[PDB]
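Residue numbers (the authors' numbering), protein chains in the order written: chain D, 6 to 501; chain E, 6 to 501; chain B, 6 to 501. Where a beta carbon is used, it is the ideal one built from N, C-alpha and C, also for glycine. Here the structure is laid out as structure tokens; the discussion comes afterwards.
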Amino acid sequence: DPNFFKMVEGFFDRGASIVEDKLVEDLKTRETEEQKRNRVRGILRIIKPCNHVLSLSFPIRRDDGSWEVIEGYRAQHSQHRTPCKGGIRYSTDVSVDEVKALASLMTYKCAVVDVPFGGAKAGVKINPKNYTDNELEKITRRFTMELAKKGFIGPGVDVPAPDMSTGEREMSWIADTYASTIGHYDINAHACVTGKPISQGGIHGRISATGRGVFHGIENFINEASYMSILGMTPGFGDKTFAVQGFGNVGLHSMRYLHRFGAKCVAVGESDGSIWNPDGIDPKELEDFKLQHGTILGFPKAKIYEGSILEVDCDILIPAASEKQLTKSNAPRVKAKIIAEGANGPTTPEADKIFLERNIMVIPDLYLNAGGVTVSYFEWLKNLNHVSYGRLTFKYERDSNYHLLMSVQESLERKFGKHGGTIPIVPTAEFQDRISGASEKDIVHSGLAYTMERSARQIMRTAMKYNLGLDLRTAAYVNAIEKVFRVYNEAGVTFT
Amino acid sequence: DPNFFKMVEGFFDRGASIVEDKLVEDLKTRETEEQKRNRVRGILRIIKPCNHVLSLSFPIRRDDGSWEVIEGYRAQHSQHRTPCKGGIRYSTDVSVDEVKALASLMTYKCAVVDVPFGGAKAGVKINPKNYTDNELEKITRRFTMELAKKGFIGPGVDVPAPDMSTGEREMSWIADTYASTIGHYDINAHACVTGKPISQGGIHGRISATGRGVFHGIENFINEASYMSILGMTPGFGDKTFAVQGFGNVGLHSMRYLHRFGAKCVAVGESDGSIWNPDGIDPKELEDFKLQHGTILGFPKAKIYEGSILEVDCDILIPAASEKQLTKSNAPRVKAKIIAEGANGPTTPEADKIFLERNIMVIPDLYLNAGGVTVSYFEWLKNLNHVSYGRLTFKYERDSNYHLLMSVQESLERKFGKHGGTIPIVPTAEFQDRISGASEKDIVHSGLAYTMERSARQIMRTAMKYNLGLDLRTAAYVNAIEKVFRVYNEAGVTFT
Amino acid sequence: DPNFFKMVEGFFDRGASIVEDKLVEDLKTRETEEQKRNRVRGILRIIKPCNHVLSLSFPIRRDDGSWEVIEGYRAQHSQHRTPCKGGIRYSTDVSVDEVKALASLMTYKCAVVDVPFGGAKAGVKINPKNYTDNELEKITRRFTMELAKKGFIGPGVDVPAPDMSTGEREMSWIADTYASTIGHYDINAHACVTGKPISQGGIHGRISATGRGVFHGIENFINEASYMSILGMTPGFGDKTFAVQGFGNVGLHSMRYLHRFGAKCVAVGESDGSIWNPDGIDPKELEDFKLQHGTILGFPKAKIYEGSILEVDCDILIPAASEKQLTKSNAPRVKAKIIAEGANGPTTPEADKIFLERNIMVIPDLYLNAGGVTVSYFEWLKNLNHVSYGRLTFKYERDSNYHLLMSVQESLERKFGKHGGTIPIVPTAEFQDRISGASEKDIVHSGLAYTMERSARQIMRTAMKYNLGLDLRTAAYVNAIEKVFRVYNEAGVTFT
Ligand SMILES: Nc1ncnc2c1ncn2[C@@H]1O[C@H](COP(=O)(O)OP(=O)(O)O)[C@@H](O)[C@H]1O
Ligand SMILES: Nc1ncnc2c1ncn2[C@@H]1O[C@H](COP(=O)(O)OP(=O)(O)O)[C@@H](O)[C@H]1O
Ligand SMILES: Nc1ncnc2c1ncn2[C@@H]1O[C@H](COP(=O)(O)OP(=O)(O)O)[C@@H](O)[C@H]1O
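Structure below.
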């Protein structure tokens, strides 16, 4: 047990060193005044620390008429990409050292999924309970104010997002505050923050995002025989079998989207206890079974099983909960062959270590739960576009598609004295329903999917030119460093 | 063999006169207060000269600690279209009278290819050699500064680009300077200049842009039997044969893309000497053969041939070098049937004259090397879109496409007791590779081709209208004069 | 006995408590919904902590081509007054916790001398030695940049100033950077920072400013028999006698301006050793004597005396050096009857305590070395005025003055058969030289003393209001709190 701030910092130094020798080179193969390049490693010392961090105290006024001051931080890591992105945390456990780590995390996380934002993160030292809905709103709005005035929020400067401590509403308040104040004259005022309600300029399909990110990330590697050969898989065992720890939003969708492609939830474990059925626990019901109650416990069919499931027999173990739940102790011990980080840093740097050796593939948090970020990028664009995705093209292609099927029809019925004998026109049962109910959402998923795939392959190749086999994490961090580097490099030295 | 400034100015006056009589009419057929429209030629008097030209002297400081002042000009021709476009030249031979001519040239060149920019051009009276890389950067950045402060650079005002004297690099410096200074608050700060590296917001497929522009321009006329009849071509002579003078970026790609479609580089000539093989010099090697050296000379297989190529026996002669290399004297002497201007004004108004008569087709610089401009327009849009072309859509259609092929399959397999007998699903061998490796560049290329063809068509009619035959140039100028006139007409009449 | 951050914090809490009971009243005597005002002490909880503090890391690049990142902080305490004021410190000993304290200090220091600025302070974790003049400049400029972009410098937002670690030139760099960058369009761009050279918009008489502040502060109390009665003075002892510890800029001018009005420097002590003569050490020579050398040591006339001076027999002891050098130990122990804080917090809260009791008057740092701040306010105004003080009026009243003397003359010469017998016209010997060499400086000097004079009796009356007797410090702290309170109250408590 270290703390993030550290792991991330360690994760960087490492990827930084791995890249360096081969960032004098593969690149300026050559150009070499001096052959100190070895040297534009000053670049990497610039990249490392957060460039800006604003701490502030601001007063709100509670409903009981009493004044109270509030502490809050927002740290902008890099600005190599022009608008900073990152969530806002409402917890009494927010430290300046952490918003800084998490800002540091997203700087690279965005790079991984080709999202053109610099990493940022905010924290308000508050516990959203001790405050009413009216009180929460005042905090957000007054917070939005101070950020704007010091350039830590703005559609071209810094675009926040919600954490798990905050909701779409608070984002709505943030947007509405900015648009009615400093950003009155901004035609893109509502692009100042993402994760906001649809009625307020939100994007469709923001909720499945993180979960699907986990899915496609797993799948990209699950269909690569190389990595599946080292574990000896492209699976043979009940076809597939997985356990999910943490039945939050991310874990839920993860189980669902994975189950439906022929994979088997053997066990689901939560904050409380856990459950098991080796037949397949089934999303859905479990799902219903809970909204239904309050927990997963006492589930029919499925079993009080217990402690954590981090080591239930399976292939794919999915941490979708808090931190650190794969330490070192329960490390040589998991089973799961593929550990899919559906949460930020749920494995200590040593779990990685024992895992790496035990010949099991840990799919990095840096890459896997970047699904939400990827879609948040799309929401930001949507606001800049001032139009829902697909609105002007949905009907155009529906026509075009029917026009092809009509063409295949005619062409076949000439070959051939006819009319309406041969009937290609009909789309498949699904193709109809998808043509039928095409919405922005479908584009957003399709975008996410392509991004995950394209990013999955860039990690696989970065891992290979570096001879890295199963340590996807530092390979992922490396892919990030190289990307953040050339932005700095091919920009200049003289001015800023 | 005068100043280039002239030809352009002569080229205009001419197209202006041709349009005029029929710009009292074809338009206000009628409307006629007075019947002086004949008079809203004041419009054409306004269109003609550059509206603004800024000369400036600014100090840099060399690496040897010595101060040195630097002269620089940028001329904005028209602002009928809201952001000015045009390159920056680093040569000691830049005159104020030239940046004006070239600005004048692009003002019409953009109109030809429906690119919504006003013509501009900058020149820094400097020789990039006598200066280090550090020194070059200082010059750019300080130059970018002064332009910004006087409104001669900005994403909505004036968007520069590189010339052959400048690289992507310097464009990167320009962008980074602007974004860190005057345009800090601009959400489109990096749209202030094009031709910049991909890591800095450049567009994929820029390098081939100007070269392909040359290709498609040639091809559009090469597949029209009318124009190919007058020369007696839709070619018969070794199928096809062409000589390229100037092995720069434009000439290189030109030879490659032309060769590829069954056409034959008989000869390649450069700054130094020249080269011949009547079998086909082959891009490629010549290409490699040089990167390789420093020059084309001493090329195996191909021969020390010598002086300029401008009259080597071929059909298509492609000037892709400096100015004026088709004067007058070597005019009734070329052989080439088709002179494809892959550079700005390489033929004097007189070469045109003898050529026109000798019944050979000169494809205008005004239209042909507008390929780079067309794509620069796309780069500008890309920055406004804040997303790479095809991103969110590449996978969406890949799905959609497979969905249709699936539909054609099913539909045919009912006609018919089956399953997977009939197999439409498979795309053609190419359609796969296209779907497979779809990238931004494919979108860029498709856009470039579309523009070049449609402009060729636009030109061909304006030619056949006034029965200009093979006078493609003053047709395209007439085309451009008309377009620039319209915007002026249906707008400013009493003020601004 | 404390450090830095703490004394100030303690100094506030205290004055805050003293004011409170009488800040439900003297004020809203009355108005009392509820009678919880006792409550708009939330105001005082808001006033207390700094509202904003920006930490940043930024790269410079040394002359040896190596990259190096640099840490820097600037804290804005209050913004009840619209442009923040405060110095910039170049020391490796800068903590985030001091820049906050010192920002906190000035927020009240300005209030004391009716200077309408909110307290701020910056620190760059650097040692100006290990860096060349070229290197120092890059640090300043790049630092100025990041402050501007986050709204921590600007003529209407935050106006910095030099500390002892920084000079007028770095201020000049700061101004020139801002004016050439973010604040290019600002007609008051050079009002962004004070303490800059005269050629760069500095004000005349900035150097004597802090020193004279010390003088007039001492003098205001030295001519009040009440306070001079409790010590039993309006002095009788060698008329007067004073020791100065710290021969910096402030201590130097202090000794000079004090000496000049019939007061004796008995002893001068420094960083190194010390010096005594009970006859009078004489500014001037000591002054000359060291420019001369490097130190005060080995001074003729005057003696190696030694250790600190802090207790040499005198009336007035003037700490014009580092912190803390009146602790507690050497507290019941001084003799000086008047301790004039010519530096920030040179007495621990306990020295105050023993002093208060021992019936000796400590003139607060909060009030005394506010002379520099007062004049810095004038420099800010000067830039806003875009004209040197007195320029259009100097000659006008020179004429007016001579016109009165002419009037007195004539009028007397009627009373009386004459012409030019009676001669009032002549000004006094001084009045001539004053009229003769009137400059901006004379206005600046004037404006300062009136401030020090009025602020003096503002504190006297407040000390009187709360029966604080000789607790001049928390008389001044209370005095500031009241001011900052009224601003906060008589405006912003709803959503501001
Ligand atoms: N966060 C980031 N940091 C550094 N580079 C990035 C980041 N996001 C994207 N890039 C880079 O920007 C370049 C330009 O990409 P572009 O073609 O505009 O879209 P895409 O990134 O989808 O290909 C790419 O080479 C990509 O690696
Ligand atoms: N650079 C230009 N200068 C003058 N007129 C132009 C220019 N570009 C386009 N136009 C004219 O303006 C009209 C509006 O263009 P539009 O059809 O909306 O876009 P596009 O030019 O991309 O087809 C076009 O028909 C064209 O004739
Ligand atoms: N930094 C400050 N904080 C709070 N109040 C202040 C500050 N500076 C000045 N004031 C108050 O603002 C008021 C404005 O008075 P004004 O007419 O400007 O007279 P003066 O020129 O003496 O300030 C004064 O009563 C003064 O007490």
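Counting the other CB atoms within 10 Å of its CB gives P7 (chain E) a total below 16, which places it among the exposed residues. Rounded to whole angstroms, the Cβ separation of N374 (chain D) and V198 (chain D) is 20 angstroms, and the two are not in contact under 8 angstroms. With a beta-carbon spacing of about 11 angstroms, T112 (chain D) and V492 (chain D) fall beyond the 8 angstroms limit used to define contacts.
Judged by DSSP secondary structure, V24 (chain D) falls within the alpha helix (DSSP H) whose first and last residues are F9 to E25. Residue side-chain check: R86 (chain B) places its Cβ nearer than 7 angstroms to a non-hydrogen atom of ligand 3. At least one CB atom of chain B sits nearer than 8 angstroms to the CB of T501 (chain D). Contact between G200 (chain B) and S444 (chain B) does not hold, since their C-beta atoms are separated by about 19 angstroms, which reaches or exceeds 8 angstroms. Distances from the alpha-carbon of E175 (chain B) to those of B:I158, B:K155, B:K143 and B:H189 put B:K143 closest. Take the alpha-carbon of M233 (chain B) and the one of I440 (chain B): they are about 36 angstroms apart. Relative to ligand 2, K488 (chain E) has its C-beta within less than 7 angstroms of a heavy atom. Not one beta carbon of chain B lies nearer than 8 angstroms to the beta carbon of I235 (chain E). Checking the DSSP bridge columns, you'll see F63 (chain D) partnered with D:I75. The three-state reading of DSSP puts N349 (chain B) in coil, since its state is none of H, G, I, E or B. In this structure, DSSP gives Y493 (chain B) a helical state, which the three-state scheme calls helix. Nearest CB-CB separation between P240 (chain D) and chain E: not below the 8 angstroms threshold. Put simply, the backbone Cα of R211 (chain E) is about 21 angstroms away from that of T398 (chain E).
Closest by C-alpha distance to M238 (chain B), out of B:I464, B:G161, B:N364 and B:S177, is B:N364. At least one CB of chain B lies nearer than 8 angstroms to the CB of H189 (chain E). The three-state secondary structure of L236 (chain E), taken from DSSP, is coil.
No heavy atom of ligand 3 is found nearer than 7 angstroms to the CB of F148 (chain B).
Contact residues of the segment 204-228 of chain D toward chain E are absent (C-beta to C-beta distance below 7 angstroms). Distance from the CA of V162 (chain E) to the CA of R67 (chain E), rounded to the nearest whole angstrom, comes to 31 angstroms. Around the CB of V120 (chain E), 16 or more other CB atoms lie within 10 Å, so the residue is classed as buried. For the C-beta of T433 (chain D), the chain E residues within less than 8 angstroms are, from N- to C-terminus, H408, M411, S412 and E415. Remark: fewer than three beta-carbon pairs, one from each stretch, lie closer than 8 angstroms, so the segment 97-112 of chain E and the segment 177-197 of chain E are not flagged as touching. Scanning chain D for C-beta atoms nearer than 8 angstroms to the C-beta of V58 (chain B) yields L59, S60 and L61, reported in chain order. Boundaries cannot be given for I208 (chain E), as no alpha helix (DSSP H) includes it and DSSP labels it neither H nor E. Under the three-state reduction of DSSP output, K333 (chain B) falls in the coil class, being neither helix nor strand. Beta-carbon to beta-carbon, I344 (chain E) and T352 (chain E) are separated by about 7 angstroms, close enough to satisfy the 8 angstroms threshold. Straight across, the Cα-Cα distance linking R42 (chain D) with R478 (chain D) is about 26 angstroms.
Taking the C-beta atoms as reference points, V117 (chain D) is found no nearer than 8 angstroms to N472 (chain D). The closest heavy atom of ligand 1 lies 7 angstroms or more from the beta carbon of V483 (chain D).
Rounded to the nearest angstrom, the gap between the Cα atoms of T433 (chain B) and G422 (chain B) is 26 angstroms. Relative to the non-hydrogen atoms of ligand 1, the Cβ of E445 (chain E) comes within a distance shorter than 7 angstroms of at least one. Less than 8 angstroms divides the Cβ of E275 (chain D) from the Cβ of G251 (chain D). Rounded to whole angstroms, the Cβ separation of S83 (chain B) and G124 (chain B) is 6 angstroms, and the two are in contact under 8 angstroms.
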